[PDB]
Structure formats: structure tokens, C-alpha cells
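The structure appears right after this line, and notes come after that.
Protein chains in written order, with the working numbering: chain Z, 780 to 991; chain S, 388 to 607.
Structure, rendered in C-alpha cells:
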């Protein structure tokens, strides 16, 4: 079967910039090459069919070119909504095959996180486990450090992070960090703090509460 | 106007069978070949099977030949995938897709179904617990949420105020805990003033366990 190799694997550019994505075939597929856009949680959306043709209703900023073994998808001027994974697909030979995708991240200017902290609910405490949640809201870039402290003791191995997909309108991320304790350990301590380090902050920011 | 509406996803035991369906509207169904395409979590797109318009022609990916059957009921405008002998490698979101080109050549897909998740696992279904997320007791913007803990399998859906509240909502990707159960949180930021007037209810839906929870989140 025909192997499609896409490059680059990831691409980060600001709105208004031109984006060029490549798809190379292991053997000639003539012009039998399509491009799809897939946003998080959505089905793929046909952008280009048979190398050079815009699908119905596709805006003019998307264009395709190439033939044989080399193909190019161009976004002439990126928009924040263009954050997505772009796939090429050949229909020259069975089975139809897809490339592995190029993930396009939209660069924006630096945005510091808004930090919130949530103690465990009383309902959850009547269960033996306590979850403390630290939220970093609407920040860029994606890299951030969260450190948990319980009575000023640094925690390790008892927290899990989740990061939202890049927002399609303002290109920011949000992050949750959940610290899981036993109810006994939670009731044995007083001050619960999450400390956040991020490029948008001049110095790290700590949010804390006292149990009670 | 073209719509492809998928049904049948969910949890299935390894070695088991499961049928997906895709009901279409907005085009002449029997004029077009149809396909199933799947996507394992965090992975790329893989074509599964294709069927001609009539369809007396079927094609299969090598990985499913002999245990998947693609079929269609043109009088019902419906496409089907009947799967057998399922394994963990078959866990994926499955999409139905319409061929843009007439006849039964190799396809390019102009319209796709919404996708439905098939989870192949011997683990048992477990509905989630829903806990409120409210601050200890601040500024002009208030963060509220609910923590959806200890459920299996994916997915859950979370809405706020029965869908009336959408701006400022962040529902996080689920995280697999060491217990083998999933956990996520859904948060929203609102004006601090609106806390004195507006009610905030989070609506959690876990279809694999038939669980529908509405949790009021109030300042504690």
C-alpha cells in the first residue's frame, strides 16, 4: 500500500502568516490526493480534492498543489480558528491511505494564567478521598509549571494535569491540576497552595486556602 | 443539508460483536459509495471498509477482513458496520463517510458522520460521582465548576444551565486515574455579581451507565 509522509509533524505560526504543509507519497498517486482538516472532537472536513480543487464552500485561503509524489496544502493567511490537524489522503490505489497528520498550533501573544483553587467538597469528604483542584485559565504559551504545597511541604506523585485543546477564537489554553489525598491526610493539614510558573508572569504566583 | 447521523457506539467486551449504523439525509443515498473510517484515541485516520451504491461491491482493510461486514439498507437510507471478534486494537472513534465521486472507485470523502466511540474492554461500566467546585470564600470574576470522578468508559458530556451557559466554559480532557477510572472537571467563569442572582447547574451525562446528574454549584 501507498505510504503518505506528512511534514512538518507540528507547525506553530501566528494569525496572518502563511502556512505550507507537505505530503509525500511512497509512489506516484498522480493527482489522486485530498486534504482534510480535523478540529478537536469533530469529524474531518474535506478541504481539497484531487490535489488542486477546493471542496464546496471552502474559503479561498485554502489551496492545494502538486502531483506524482509531492503535494502542498497552503493556508495563505492563518486565522485562530485554523488550529487543527491536517491530513492528506490518496485514492490512487487500494486501500485508501492517510498521512499521519500535521498539527497546526496558532501562536498568539503571551497571556498569563488566571489561577483559581478549589478545596474538596463536603460531599466528597463523606467518601474518604479529597480532591483539591487548581485551575490555570486562558494562558499562552502552553508550558506552565504547577507545584502543590501542603503546609509548605512540596507534593510529588499525587497530582494529575489536564490541558484543554487550544481555543479556536483566542488561541489560549487552560489547565487543571488535581491533587488527590486521603480524607485523613487532608484533615491533618491546614494550608493548601498551588504555585504557578509561566512566561507571562514576572514571578511565580501562589493561590492558597486554609481548610475550615 | 447533508447529514450523516451515527448510532451504536459504546462499550463491548473483547471477542464480542457490535453493530454501528449511519442514517443519512440530504442526498440520494444509493447513488454514492460509502465508507467507514476509524481513529484510535490520539492517533490518525484509518480506512476500514467501503461499499458501492447498490451495493454489490465491498472492500475491506486487511486488519478487519473476515470479521467486519459493511452493508446498507437503501430503502432506509442507512449504512451499517457489523463487527465481530473485537480486540483492544479496535477501540476507536468510528466515522461513516460519503464518497464525493460517483461509482465504486477509490473514494475521497466529502461528508462525514459525527463519529462514535467504540471501547473494547472487559472492565465494567461505572457511573460518575459529581462534586461541586467552589472557592473557599476573590475578585470580579468567579470560577465555578463540577468534578466528574470515577467513571468508565469514556465519554461523559457536561453542559451548564441545560446548554444556556456556553461562554467561558472549559470542559477538560478526561484523565485516567491509577484505579482505571476516568476523572475530569468542567469549569466556567462568570461575573461575581451574577452569583447573587443567577443559578448555576452543571448537567453531567454518562450514556454507558445511563447516568444523568444535575448538580447545583453554589458558594460555600
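Just so you know, even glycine gets a beta-carbon here, dropped at the ideal spot from N, CA and C.
Quick check on the burial criterion: 16 or more other C-beta atoms within 10 angstroms. Buried or exposed for residue i?
| i | result |
| --- | --- |
| residue 428 of chain S | exposed |
| residue 870 of chain Z | buried |
| residue 398 of chain S | buried |
| residue 486 of chain S | buried |
| residue 780 of chain Z | exposed |
| residue 477 of chain S | buried |
| residue 495 of chain S | buried |
| residue 493 of chain S | buried |
| residue 430 of chain S | exposed |
| residue 532 of chain S | buried |
Helix or strand or just coil, what does DSSP make of residue i?
| i | result |
| --- | --- |
| residue 582 of chain S | helix |
| residue 843 of chain Z | strand |
| residue 945 of chain Z | coil |
| residue 817 of chain Z | strand |
| residue 484 of chain S | strand |
| residue 449 of chain S | coil |
| residue 532 of chain S | strand |
| residue 416 of chain S | helix |
| residue 516 of chain S | strand |
| residue 476 of chain S | helix |
| residue 410 of chain S | strand |
Just to confirm, are residue i and residue j a CB contact at a threshold of 8 Å?
| i | j | result |
| --- | --- | --- |
| residue 933 of chain Z | residue 975 of chain Z | no |
| residue 793 of chain Z | residue 887 of chain Z | yes |
| residue 417 of chain S | residue 440 of chain S | yes |
| residue 499 of chain S | residue 963 of chain Z | no |
| residue 598 of chain S | residue 514 of chain S | yes |
| residue 412 of chain S | residue 464 of chain S | yes |
| residue 482 of chain S | residue 502 of chain S | yes |
| residue 576 of chain S | residue 555 of chain S | yes |
| residue 459 of chain S | residue 466 of chain S | yes |
| residue 558 of chain S | residue 571 of chain S | yes |
| residue 535 of chain S | residue 604 of chain S | no |
| residue 941 of chain Z | residue 562 of chain S | yes |
| residue 468 of chain S | residue 423 of chain S | yes |
| residue 898 of chain Z | residue 596 of chain S | no |
Any beta carbon of chain Z sitting closer than 8 Å to that of residue i?
| i | result |
| --- | --- |
| residue 574 of chain S | yes |
| residue 499 of chain S | yes |
| residue 560 of chain S | yes |
| residue 618 of chain S | Because chain S spans 388 through 607 in this model, residue 618 of chain S falls outside it and cannot be assessed. |
| residue 536 of chain S | yes |
| residue 452 of chain S | no |
| residue 414 of chain S | no |
| residue 455 of chain S | no |
| residue 487 of chain S | yes |
| residue 579 of chain S | no |
| residue 403 of chain S | no |
Excluding the five sequence neighbours on either side, which residues of its own chain have a C-beta within less than 7 Å of the C-beta of residue i, listed in chain order?
| i | result |
| --- | --- |
| residue 959 of chain Z | 908, 910, 937 |
| residue 891 of chain Z | 918, 977, 979, 980 |
| residue 472 of chain S | 402, 454 |
| residue 504 of chain S | 396, 480, 541, 542 |
| residue 405 of chain S | 395, 399, 470, 473, 505 |
| residue 391 of chain S | 409, 411, 483, 485, 498, 499, 500 |
Using beta carbons (cut-off 8 Å, strictly below), is residue i in contact with chain S?
| i | result |
| --- | --- |
| residue 841 of chain Z | no |
| residue 892 of chain Z | no |
| residue 922 of chain Z | no |
| residue 828 of chain Z | yes |
| residue 980 of chain Z | no |
| residue 974 of chain Z | no |
| residue 900 of chain Z | yes |
| residue 935 of chain Z | no |
| residue 866 of chain Z | yes |
| residue 943 of chain Z | yes |
| residue 927 of chain Z | no |
| residue 797 of chain Z | no |
| residue 823 of chain Z | yes |
| residue 918 of chain Z | no |
| residue 809 of chain Z | no |
| residue 870 of chain Z | yes |
| residue 914 of chain Z | yes |
| residue 846 of chain Z | no |
| residue 804 of chain Z | no |
Spatial neighbours of residue i within its chain, please: C-beta separation below 6 Å, excluding the five flanking residues on both sides.
| i | result |
| --- | --- |
| residue 972 of chain Z | 928, 985, 987 |
| residue 607 of chain S | 521 |
| residue 866 of chain Z | 815, 877, 878, 880 |
| residue 802 of chain Z | 783, 785, 850, 867, 878 |
| residue 860 of chain Z | 947 |
| residue 957 of chain Z | 910, 912, 939 |
| residue 810 of chain Z | 829, 830, 846 |
| residue 968 of chain Z | 929, 930 |
Can you name, in chain order, every residue of its own chain whose Cβ lies under 8 Å from the Cβ of residue i, other than the five neighbours on each side?
| i | result |
| --- | --- |
| residue 797 of chain Z | 853, 854, 855, 856, 857 |
| residue 903 of chain Z | 909, 910 |
task = Please name the residues in the region 421-441 of chain S whose beta-carbon is closer than 9 Å to at least one beta-carbon of chain C, in chain order.
result = The question asks about chain C, but that chain is absent: this structure's protein chains are Z and S.
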